[PDB]
Amino acid sequence: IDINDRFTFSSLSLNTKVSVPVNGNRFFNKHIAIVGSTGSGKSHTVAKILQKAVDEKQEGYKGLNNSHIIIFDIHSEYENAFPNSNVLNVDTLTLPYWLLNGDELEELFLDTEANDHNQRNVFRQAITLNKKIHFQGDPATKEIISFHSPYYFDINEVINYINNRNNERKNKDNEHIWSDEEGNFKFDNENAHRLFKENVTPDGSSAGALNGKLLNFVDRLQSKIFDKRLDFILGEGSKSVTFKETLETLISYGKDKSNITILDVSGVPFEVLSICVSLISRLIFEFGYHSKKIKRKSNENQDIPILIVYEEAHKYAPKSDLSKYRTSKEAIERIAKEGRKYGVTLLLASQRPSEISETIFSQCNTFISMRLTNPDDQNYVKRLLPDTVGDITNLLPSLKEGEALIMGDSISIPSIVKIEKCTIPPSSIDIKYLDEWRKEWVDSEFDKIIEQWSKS
Amino acid sequence: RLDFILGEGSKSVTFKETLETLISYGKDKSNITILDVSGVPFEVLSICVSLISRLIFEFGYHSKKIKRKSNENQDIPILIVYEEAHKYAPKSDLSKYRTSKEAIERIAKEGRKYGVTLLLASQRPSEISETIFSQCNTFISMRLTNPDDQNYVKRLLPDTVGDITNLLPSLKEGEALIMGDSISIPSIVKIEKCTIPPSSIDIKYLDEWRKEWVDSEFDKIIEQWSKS
Amino acid sequence: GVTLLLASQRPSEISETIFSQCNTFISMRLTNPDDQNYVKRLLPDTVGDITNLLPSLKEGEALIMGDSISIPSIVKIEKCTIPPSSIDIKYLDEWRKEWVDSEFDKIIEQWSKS
Amino acid sequence: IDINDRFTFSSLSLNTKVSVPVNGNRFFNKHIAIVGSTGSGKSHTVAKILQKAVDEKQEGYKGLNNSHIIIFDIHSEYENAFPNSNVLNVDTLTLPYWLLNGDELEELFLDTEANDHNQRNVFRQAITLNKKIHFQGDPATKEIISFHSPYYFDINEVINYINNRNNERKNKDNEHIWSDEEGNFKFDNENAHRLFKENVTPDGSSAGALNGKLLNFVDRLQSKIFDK
Amino acid sequence: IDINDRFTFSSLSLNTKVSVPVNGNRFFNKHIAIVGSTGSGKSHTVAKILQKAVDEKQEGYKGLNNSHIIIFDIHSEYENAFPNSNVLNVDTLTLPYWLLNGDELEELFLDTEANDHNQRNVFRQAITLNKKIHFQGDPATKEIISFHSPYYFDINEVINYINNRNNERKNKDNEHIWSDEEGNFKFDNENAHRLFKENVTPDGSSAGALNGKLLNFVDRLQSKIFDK
Amino acid sequence: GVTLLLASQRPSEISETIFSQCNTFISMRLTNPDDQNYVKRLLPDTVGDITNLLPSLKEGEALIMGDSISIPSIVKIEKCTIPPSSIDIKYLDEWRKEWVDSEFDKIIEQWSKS
DNA sequence: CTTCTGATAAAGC
Ligand SMILES: Nc1ncnc2c1ncn2[C@@H]1O[C@H](COP(=O)(O)OP(=O)(O)OP(O)(O)=S)[C@@H](O)[C@H]1O
Ligand SMILES: Nc1ncnc2c1ncn2[C@@H]1O[C@H](COP(=O)(O)OP(=O)(O)OP(O)(O)=S)[C@@H](O)[C@H]1O
Ligand SMILES: Nc1ncnc2c1ncn2[C@@H]1O[C@H](COP(=O)(O)OP(=O)(O)O)[C@@H](O)[C@H]1O
Ligand SMILES: [Mg+2]
Ligand SMILES: [Mg+2]
Ligand SMILES: [Mg+2]
């Protein structure tokens, strides 16, 4: 490895005095998968890698460098490990509902499929038209606004529009005639924006095309917006935030600049967690994709690289083919296959290699295998290795806390290494189980645990 | 069948009374809490296994968050003993086992840091889901005659000490092999005899069969059978 | 008179029907085990110790068989004097330099137009 | 390999001085598969073979040879390897929509589950009729023209037909009367083509069968065409 | 092998003077499998076996013998080996579509991708009816005419019936009424045979059972038929 | 009286229930190990060191077993005086030629007329 | 004439 290409975070297990470095360029553009049994030290190994990546500064300046790391925290550990970082829990993070790219907007609001037609187009027509109403730029790019375009629309006018078309009344000439405080108006393309207001009364001889057909649809729509689970995305805080401040929040480019961004998704439900993982994975990927094509036309190199750390990837990217894992898997898989070119790579952390999907986990060209006692997990590590050097996998069950085997394109030979101790460790200390059992029967405060459990 | 969860008693009791009942923190305080689910059907056994495991894990999770606010570690650790784990957490990917498997898997995957760990008992290593046994650092093995099970124990060991699995079929009663970070070297041990043992002693077939034809009182058995 | 040249970093996801129609195969370093299993089964020829040979191929090293070459050979393909545009983001080298200012408005304006 | 059939683009790995040729006729006349991992050298290998392919000329002439290679460059990366070659970007490239067959036309315009079956049929009927009207060959092959057959058709005229069918006014005898500047005509197979004009007015005492149904379908089609 | 049974097409590899005969009867009434790699020589082996089997005669006559060999030549290579033989390419060969069975007719026309049952029933019903019309034999085997039976049917009439069933009309009496030059009839199995003509015009009140769901089925059938 | 001759370059893709109905097997140079292992199981007889024999067969060299032959023998099939020749496009011969102009205009008018 | 009810149907899964 070239001397100016060396990135070390560990030393050899057999000889402590020799440090084992990896090709620092090749370590991060080719995806990292770290696996090992429970309590093996994956979180400390991940934190030690990102700590050395933060302090990896070229000579000639003072201040924080160009590292960009996003950590998905489901156990709230790396707040302590990175004190000068930005932590974004669900109660304080705002991800707007107008940043959905259409496919997830289709899935977020509609729990139905295979039969909704009249409920479908009135949903997409309301959103697409409301984006042109609230658009404040030149009209040349107003016409190119579509359902998947990331422009602000009011969801409360969208519900008002669908609840109005619920109450349609046509006239003997077969067109819907409305009436508002300015006067009666035909329901047409240039007059469809007036249905966004609640105070419209229809005048008609007969019921309209969608009269009484969206009463079930509006109730499902209203009883999803006021979910406090989705208050980070569908709440009132997404109203006053814009596209720009969303990106400064995700990669810590705001008033507090940090190389590490941590998202506290610790005790949230899965449906909140699956929305959080799939949104930010797509948003970071498309930011890296679009910043790449800006740099293509400029023919310049001021690109920023982003690494996303996916701890507990079995929660949101498992091998199982369930539909509740579908939207989260596809966002991470897109980063796994195509994300390497645009500057968005992933750090995959899980406790078995055989539970993460093969379309995601086999795209990782570097590997940090800690202790694995499962015969199916060891066979995965053996088959990633040629049979000449496959005998080093025999030491996997004998690995105690701190050692792992690093293989991949970024390292010369696969070696059992000792990951360097974290002087600023994450908050994942092993509980001294017997020493906490020799004490008194301590009176656990049940009231304090319950009234947080209740709000959680 | 669901009277324990959907009965009239669910109205009266509170959240704090339930948590105190499950870990014996009530008026009668005990180190050991036993859930006697002996004759219940699977559909209410899987409900009991999955809900109590979820409640205890989230109690351990929320206790740690309270302790982390005061810059403290978790005060009370909880160990859950899953006896006869093949009934609710098997290798099979059937949909009936899904809720009970996922609750125990959450404890196995994530309960180490939250103070909720598990002791899992079953006949064979191969009849339990691999997700739970892979996370078990300590692995105690009694006599194992099935060759698939013996090779499963063999791969858990390093190859230098892997020859100790050859005494697995000849293991006597109370003779165990203890592995993991707890023990210095994997070794065959003799578990200390229980002065107060579980009431699961083998019944002497020849001693019982040598006596007279017993009347068996079918009315009392059927009366109990019909209640269950 | 219309023939194919199929280049793919994951040969396993290519359909077996179209991949079988190929007659000359250039096999570079194949680290993915499913890519190894797929290629070795569908290769028209074999070489000695091919299981360890495919991961061990160096950069620009190839294994060529087919009916256009008599002996399956390990070949060091000559370097491109005029190389194609290579996308190799040096994450360490870009992370060592100072925190660069991001033109978010330029990126977002192209993102919103898409 | 014969002396005139040799195509050398590589050299032996163990012996650098030895160059390994392939049968150049046999190499390209049968399909080639270049597989490898990421960064193995596939794109440089593809560039090297094609660079040597265009340099294979007979000594008699100067200028371009008869090699014709088309690259589906998904990463916009082969322009540097072949600077003199023609490159077709999205602004540069021009594919006519009418050369798409029936399945490709449907996937371009129509949507999964977002289109009713009657909305789909008027789309298919308009295109398969517009292909016949803009056909300028002999009329013997007009009857064999279908929706799948690729012939030139005006997609804006297709919009006008669909927009007119959205404004249809049915008569008392379940047919549609249409008024044009030439005159009034009942819609049938013989005069369906006069709906491709924009300036056609419907005459009827009642709303047509497809009236008010394709208005949603018009705006989705116009959104597709005017999308830049 | 008896000398009259001998059939020699090869000689021993190690001794060229030893010609290896096979039992020429037994070689051919039991199936032959010639396997090899590409470029091993199995096309030449097939050609040499058949040239040896064509020029073998009783020598009591002058002329062609009784060999009957059919080659499914997919590479167009055996024309050179047998110049005096009959070669049938796409331009020369005519294969009747009505000798196809039901599975082959489904594979030629239907697609398993869409797998629409409603296209499948009308397709089988049209052909099975049309095979009964064009059948000139005795009535006692007309009732066993099926979709799978190898009898002549008109594919343009089948398309015409299928296109007509896309134009069905539903009346207040829930019968389908059609108008023809011969007369006016109801959609009965006796009267369905006059839907095979294109010159019919439907009469009714509302849309029929199969209205609007066969146009994509007609266009794909018409795409196959008018494909050159 | 309707028998069949199977000539395949990938024997391991043939279904086992059809390939086992054949009695006489003319096994030429088999080179893929999957086709070698498939054929060796369903062959009615065996020969000495058939594993190394099959990829080592020379050009026209074959191996015939079955009811027809007495013993499995390595044979040289007789050379075809009138060989089966396929009209194949010589790419490097055509690509070495000058760039052709007259032919492209003739192809388009043929495509348009039919 | 329009409204409402009820029945038939088709769905996707
Ligand atoms: N290099 C190391 N040297 C010594 N102890 C270490 C080292 N790395 C980690 N540890 C210890 O490992 C313990 C548990 O490690 P963790 O990283 O929390 O386990 P884990 O990998 O997160 O497994 P799960 O599935 O998340 S519980 C910590 O309390 C550390 O003290
Ligand atoms: N014949 C060769 N000799 C030496 N180095 C080579 C050779 N071929 C490729 N390389 C090196 O390989 C690097 C990247 O190779 P590429 O061909 O661009 O990657 P690839 O094989 O196409 O994989 P992807 O998935 O397309 S990034 C180049 O920058 C060269 O340094
Ligand atoms: N019995 C034989 N003796 C000598 N040469 C042969 C023999 N059989 C085939 N060949 C040569 O082998 C080449 C392979 O041709 P072919 O039989 O078409 O291959 P394949 O087995 O792939 O069909 C031919 O060019 C021919 O000259
Ligand atoms: Mg962890
Ligand atoms: Mg490339
Ligand atoms: Mg051949």
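Counting neighbours? That spans all protein chains shown, and the Cβs are built from the backbone with ideal geometry, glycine included. Every number here is computed from the coordinates shown, using simple stated rules; none is lab data.
Just checking, which of E:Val35, E:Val54, E:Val20 is surrounded by 14 or more Cβ atoms within 10 Å (Cβ to Cβ) and under 30 Å from C:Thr24 (Cβ atoms)?
E:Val35
Rundown of residues vs (1) touching a residue at least 60 places away in the same chain (Cβ under 8 Å); (2) among the hydroxyl-bearing types (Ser, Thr, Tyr); (3) not in a loop (DSSP other than H, G, I, E, B), yes/no style:
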{"position": "E:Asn25", "(1), (2), (3)": "no, no, yes"}
{"position": "E:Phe28", "(1), (2), (3)": "no, no, yes"}
{"position": "E:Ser37", "(1), (2), (3)": "no, yes, no"}
{"position": "E:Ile49", "(1), (2), (3)": "no, no, yes"}
{"position": "E:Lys52", "(1), (2), (3)": "no, no, yes"}
{"position": "E:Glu56", "(1), (2), (3)": "no, no, no"}
{"position": "E:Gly63", "(1), (2), (3)": "no, no, no"}
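Looking at B:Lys101, B:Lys109, which one is more than 21 Å from B:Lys64 (Cβ to Cβ), free of Cβ contacts under 8 Å to residues at least 40 places away in the same chain and buried (at least 17 other Cβ atoms within 10 Å of the Cβ)?
Step by step, each of B:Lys101, B:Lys109 is checked, and only B:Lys101 is more than 21 Å from B:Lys64 (Cβ to Cβ), free of Cβ contacts under 8 Å to residues at least 40 places away in the same chain and buried (at least 17 other Cβ atoms within 10 Å of the Cβ).
So for the range A:384-404 (the condition being in a helix (DSSP H, G or I) and in contact with a strand residue (DSSP E or B) (Cβ under 7 Å, 6 or more places away or on another chain)), does at least one residue qualify?
Scanning the range A:384-404, I find at least one residue that is in a helix (DSSP H, G or I) and in contact with a strand residue (DSSP E or B) (Cβ under 7 Å, 6 or more places away or on another chain), so the answer is yes.
Need pairs with beta-carbon distance below 7 Å; first residue under 22 Å from F:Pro55 (Cβ atoms) and within 7 Å of chain E (Cβ to nearest Cβ) and within the range F:4-22, second basic (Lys, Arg) and more than 16 Å from ligand 2 (Cβ to nearest atom); sequence gap 6+ or separate chains.
Pairs that qualify, where the first residue is under 22 Å from F:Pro55 (Cβ atoms) and within 7 Å of chain E (Cβ to nearest Cβ) and the partner is basic (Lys, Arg) and more than 16 Å from ligand 2 (Cβ to nearest atom), are F:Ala7/E:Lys42.
Which of the residues spanning the range A:231-257 are within 12 Å of A:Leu93 (Cβ to Cβ) and either buried (at least 18 other Cβ atoms within 10 Å of the Cβ) or among the hydrophobic types (A, V, I, L, M, F, W, C) (or both)?
A:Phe232, A:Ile233, A:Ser238, A:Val241, A:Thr246, A:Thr249, A:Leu250
Name the residues in the range C:34-53 that are crowded, with 17+ Cβ neighbours inside 10 Å, within 14 Å of chain A (Cβ to nearest Cβ) and not hydroxyl-bearing (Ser, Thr, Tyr), would you?
Across the range C:34-53, the qualifying residues are C:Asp35, C:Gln36, C:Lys40, C:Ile50, C:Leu53.
Whether any residue in the range C:64-79 is under 18 Å from the mean Cα position of the chain (by Cα), basic (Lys, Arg), crowded, with 17+ Cβ neighbours inside 10 Å and more than 16 Å from DNA strand G (Cβ to nearest atom) is what I want to check.
yes
Out of (1) within 30 Å of A:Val241 (Cβ to Cβ); (2) assigned to a loop (DSSP other than H, G, I, E, B), what's the single condition that is false for A:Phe123?
Only one criterion in (1) within 30 Å of A:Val241 (Cβ to Cβ); (2) assigned to a loop (DSSP other than H, G, I, E, B) is unmet by A:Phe123, namely (2).
Can you pull out the residues in the range A:223-247 that are within 14 Å of another protein chain (Cβ to nearest Cβ) and of a type in the set (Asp, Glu)?
A:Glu245
Report whether or not B:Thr165 is touching a strand residue (DSSP E or B) at 6+ places or on another chain (Cβ under 8 Å), of a type in the set (S, T, N, Q) and within 17 Å of B:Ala85 (Cβ to Cβ).
No: the conditions fail for B:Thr165.
Can you confirm whether D:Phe187 is crowded, with 18+ Cβ neighbours inside 10 Å, within 22 Å of E:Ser205 (Cα to Cα) and among the aromatic types (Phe, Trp, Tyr)?
yes
Just to verify a result, which residue in the range A:127-141, among those that are within 27 Å of the chain's Cα centre (by Cα) and away from every other protein chain (no Cβ under 11 Å), is nearest to ligand 6 (Cβ to nearest atom)?
Only one residue tops the list, namely A:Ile127.
From the list D:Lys170, D:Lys228, D:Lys197, exactly one residue is within 14 Å of chain E (Cβ to nearest Cβ) and either hydroxyl-bearing (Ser, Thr, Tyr) or on the phi < 0 side of the Ramachandran plot (or both). Which is it?
D:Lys170
Do we have A:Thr373 as away from ligand 4 (no atom under 16 Å from the Cβ), part of a loop (DSSP other than H, G, I, E, B) and not small (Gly, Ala, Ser) here? Outline the logic, then answer.
Details: away from ligand 4 (no atom under 16 Å from the Cβ): yes; part of a loop (DSSP other than H, G, I, E, B): yes; not small (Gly, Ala, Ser): yes.
Yes; evaluated as a whole, the condition is true for this residue.
Scanning for something assigned to a loop (DSSP other than H, G, I, E, B), out of contact with any strand residue (DSSP E or B) (no Cβ under 8 Å at 6 or more places or on another chain) and in contact (Cβ under 8 Å) with a residue 12 or more places away in the chain, does the range E:214-222 turn up at least one residue? Spell out how you get there, then give the answer.
Within the range E:214-222, the subset assigned to a loop (DSSP other than H, G, I, E, B) is E:214.
Filter once more, so that each one left must be out of contact with any strand residue (DSSP E or B) (no Cβ under 8 Å at 6 or more places or on another chain): E:214.
Add one more test, that the residue is in contact (Cβ under 8 Å) with a residue 12 or more places away in the chain, and what stays is E:214.
Yes, the range E:214-222 contains at least one residue that is assigned to a loop (DSSP other than H, G, I, E, B), out of contact with any strand residue (DSSP E or B) (no Cβ under 8 Å at 6 or more places or on another chain) and in contact (Cβ under 8 Å) with a residue 12 or more places away in the chain.
From the list D:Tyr161, D:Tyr152, D:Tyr78, which one is more than 24 Å from E:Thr201 (Cα to Cα), surrounded by 14 or more Cβ atoms within 10 Å (Cβ to Cβ) and of a type outside the set (A, V, I, L, M, F, W, C)?
Step by step, each of D:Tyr161, D:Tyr152, D:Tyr78 is checked, and only D:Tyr78 is more than 24 Å from E:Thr201 (Cα to Cα), surrounded by 14 or more Cβ atoms within 10 Å (Cβ to Cβ) and of a type outside the set (A, V, I, L, M, F, W, C).
Residues in the range F:24-33: is at least one closer than 12 Å to C:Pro44 by Cα, more than 7 Å from chain E (Cβ to nearest Cβ) and among the charged types (D, E, K, R)?
Within the range F:24-33, none of the residues are closer than 12 Å to C:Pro44 by Cα, more than 7 Å from chain E (Cβ to nearest Cβ) and among the charged types (D, E, K, R).
Which residue out of A:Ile1, A:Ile69, A:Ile49, A:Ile34 is under 22 Å from A:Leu273 (Cα atoms), within 14 Å of chain C (Cβ to nearest Cβ) and in contact with a strand residue (DSSP E or B) (Cβ under 7 Å, 6 or more places away or on another chain)? Break it down stepwise before answering.
Values: A:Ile1 fails: under 22 Å from A:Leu273 (Cα atoms); A:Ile49 fails: under 22 Å from A:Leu273 (Cα atoms); A:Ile34 fails: within 14 Å of chain C (Cβ to nearest Cβ).
After applying the criteria, what remains is A:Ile69.
Filter the range E:177-210 for residues that are touching a residue at least 40 places away in the same chain (Cβ under 8 Å) and either in contact with a strand residue (DSSP E or B) (Cβ under 8 Å, 6 or more places away or on another chain) or in a helix (DSSP H, G or I) (or both) and give the result.
If the condition is that a residue be touching a residue at least 40 places away in the same chain (Cβ under 8 Å) and either in contact with a strand residue (DSSP E or B) (Cβ under 8 Å, 6 or more places away or on another chain) or in a helix (DSSP H, G or I) (or both), then E:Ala192, E:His193, E:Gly208, E:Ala209 are the ones that fit.
If a residue must be away from chain A (no Cβ under 14 Å) and away from ligand 5 (no atom under 16 Å from the Cβ), how many such residues does the range C:64-97 contain?
Of all residues in the range C:64-97, those away from chain A (no Cβ under 14 Å) come to C:64-83.
After this cut, where a residue has to be away from ligand 5 (no atom under 16 Å from the Cβ) as well, the list is C:64-76, C:78, C:81.
The total comes to 15.
Taking the range A:382-406 only, how many residues are touching a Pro at 6+ places or on another chain (Cβ under 7 Å), surrounded by 20 or more Cβ atoms within 10 Å (Cβ to Cβ) and away from chain B (no Cβ under 12 Å)?
4
Which ones in the range B:25-75 are free of Cβ contacts under 8 Å to residues at least 60 places away in the same chain, part of a helix (DSSP H, G or I) and of a type in the set (A, V, I, L, M)?
B:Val44, B:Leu45, B:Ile47, B:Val49, B:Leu51, B:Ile52, B:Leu55, B:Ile66
Which of the residues spanning the range A:2-24 are assigned to a helix (DSSP H, G or I) and surrounded by fewer than 23 Cβ atoms within 10 Å (Cβ to Cβ)?
Across the range A:2-24, the qualifying residues are A:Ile3, A:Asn4, A:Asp5.
Name the one entry in B:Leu94, B:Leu120 that is away from ligand 3 (no atom under 16 Å from the Cβ) and under 12 Å from the mean Cα position of the chain (by Cα).
B:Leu120
Answer yes if at least one residue in the range F:41-53 is without any contact (Cβ under 8 Å) to a residue 60 or more places away in the chain and under 16 Å from the mean Cα position of the chain (by Cα), and no otherwise. Outline the logic, then answer.
Applying the first criterion (without any contact (Cβ under 8 Å) to a residue 60 or more places away in the chain) to the range F:41-53 yields F:41-53.
Adding the requirement that they be under 16 Å from the mean Cα position of the chain (by Cα) leaves none.
No, the range F:41-53 contains no residue that is without any contact (Cβ under 8 Å) to a residue 60 or more places away in the chain and under 16 Å from the mean Cα position of the chain (by Cα).
Can you confirm whether the range D:14-30 contains a residue that is of a type in the set (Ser, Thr, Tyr) and more than 7 Å from chain C (Cβ to nearest Cβ)?
There is at least one residue in the range D:14-30 that is of a type in the set (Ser, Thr, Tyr) and more than 7 Å from chain C (Cβ to nearest Cβ).
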